[PDB]
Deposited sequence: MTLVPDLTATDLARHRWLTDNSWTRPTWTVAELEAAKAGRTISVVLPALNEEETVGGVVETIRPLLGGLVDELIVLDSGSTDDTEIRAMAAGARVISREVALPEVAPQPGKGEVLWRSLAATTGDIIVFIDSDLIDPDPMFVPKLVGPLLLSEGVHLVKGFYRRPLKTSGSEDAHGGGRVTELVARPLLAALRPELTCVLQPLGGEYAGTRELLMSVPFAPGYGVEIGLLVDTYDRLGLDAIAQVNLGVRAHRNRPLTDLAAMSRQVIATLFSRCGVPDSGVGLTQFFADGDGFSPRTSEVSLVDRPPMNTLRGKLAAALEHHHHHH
């Protein structure tokens, strides 16, 4: 809604950018592990057909398994390439969507995968890391759990890179300025590298498809306020030059998910693209998976 008391100038000077934003995190693995205090950490990599990169991501994380990290899972989304065997060969446990939650038939898209991984994991903290990363850094998981383990009151940590992204810069952040202005303090709201506490994640809906990350950001903000969110610098990463046609369909789902969270009536109509004319249509989903907490008791595996 209309917030004429807030300006872009005092968003740039917002105290949150100091106390909840780590440009140069200096935490050690040993001192993070010391702060677990009986909490466990689950790392989840969503994956659909990522055979060329999934092993390299898993290998950056595997040395933490059994110390800082308690579970390392690739949640496979129906890959037909060698994603699964390569993740296993790299030292990760691989769980299909069906095995994560066999009572419920899979919907397509990324959010489904992350939602199901709540039923497959046991960590008090869950870290999500994209499996398509071309050059992952082994300090990702430590930097993401830093504010959860050491700060107070943080429940969602968003990892950003110094160069980000055409959808992030033209779609997500300008819409947040219009609909959730305080969230413009988040550098990369769509980023795939982030960590959350279990109670938070079990009690929010998961948006479908590519809306999942911005949906968690906005639901966490709405539920707990800006102080409960933090961001940390993961380092440098090259913008993978994705086709604008793919980015357009993803943008449409980002819009749908944000409108869904902000009371904006979305038409539900998918995006048409023209290239006479050669038309290309995509679909968009307006239906969340409900909070996983609502399924407690009905599951053959406890939550």
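Trainee: Hey, which stretches of the deposited sequence didn't make it into the model?
Mentor: Sequence ranges with no C-alpha atoms are 1, 165-176, 289-292, 321-327.
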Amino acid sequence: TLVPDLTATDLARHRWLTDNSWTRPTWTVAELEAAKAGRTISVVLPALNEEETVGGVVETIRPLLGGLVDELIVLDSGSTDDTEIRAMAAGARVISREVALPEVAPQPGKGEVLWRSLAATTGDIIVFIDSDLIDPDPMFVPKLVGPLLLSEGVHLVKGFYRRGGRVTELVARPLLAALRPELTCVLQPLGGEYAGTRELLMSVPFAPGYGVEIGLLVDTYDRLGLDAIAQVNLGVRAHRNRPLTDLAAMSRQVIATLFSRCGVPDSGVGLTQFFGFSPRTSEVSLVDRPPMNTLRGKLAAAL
From here on, numbers count along this sequence of modelled residues.
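Here, rigid core means the biggest group of C-alpha atoms that superpose within 1.5 Å across both forms.
Trainee: Do the Cα atoms of 55-63 or those of 232-240 sit farther, on average, from the shown form in 8 other deposited structures of this protein after fitting on the core?
Mentor: Of 55-63 and 232-240, the stretch deviating more in 8 other deposited structures of this protein is 232-240.
Trainee: What about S282, is it left unmodelled in a third or more of the other PDB entries we looked at?
Mentor: Yes, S282 lacks coordinates in at least a third of the other compared entries that model both of its neighbours.
Trainee: Using only C-alpha atoms and the B-factors in the entry, which stretch averages higher, 152-160 or 206-214?
Mentor: Of 206-214 and 152-160, the stretch with the higher C-alpha B-factor average is 152-160.
Trainee: Mean Cα B factor from the PDB record: higher for 281-289, or higher for 8-16?
Mentor: Stretch with the higher mean C-alpha B-factor: 8-16.
Trainee: Of the choices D246, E51, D70, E59, which one's C-alpha carries the largest B-factor in the record?
Mentor: Largest recorded C-alpha B-factor: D246.
Trainee: Among the choices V44, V29, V264, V254, identify the one whose CA B-factor in the record is greatest.
Mentor: Highest CA B-factor of the listed options: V29.
Trainee: Among the modelled residues of this chain, does the Cα B factor of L200 put it in the lowest, middle or highest third?
Mentor: Ranked within chain, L200 CA B lands in the middle tercile.
Trainee: Considering every modelled residue of the chain and its Cα B-factor in the PDB entry, is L226 in the lowest, middle or highest third?
Mentor: Highest third - that is where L226 ends up once the chain's C-alpha B-factors are sorted.
Trainee: Check where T83 lands among this chain's C-alpha B-factors and tell me if it's the lowest, middle or highest third.
Mentor: Bottom third by C-alpha B-factor.
Trainee: Ranked by Cα temperature factor within the chain, is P147 in the lowest third, the middle third or the highest third?
Mentor: Within its chain, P147 is a highest-third residue by C-alpha B-factor, going by the deposited values.
Trainee: According to the PDB entry, is the CA B factor of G123 in the bottom, middle or top third of its chain, that is, lowest, middle or highest?
Mentor: As the PDB entry reports it, the C-alpha B-factor of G123 lands in the middle third of its chain.
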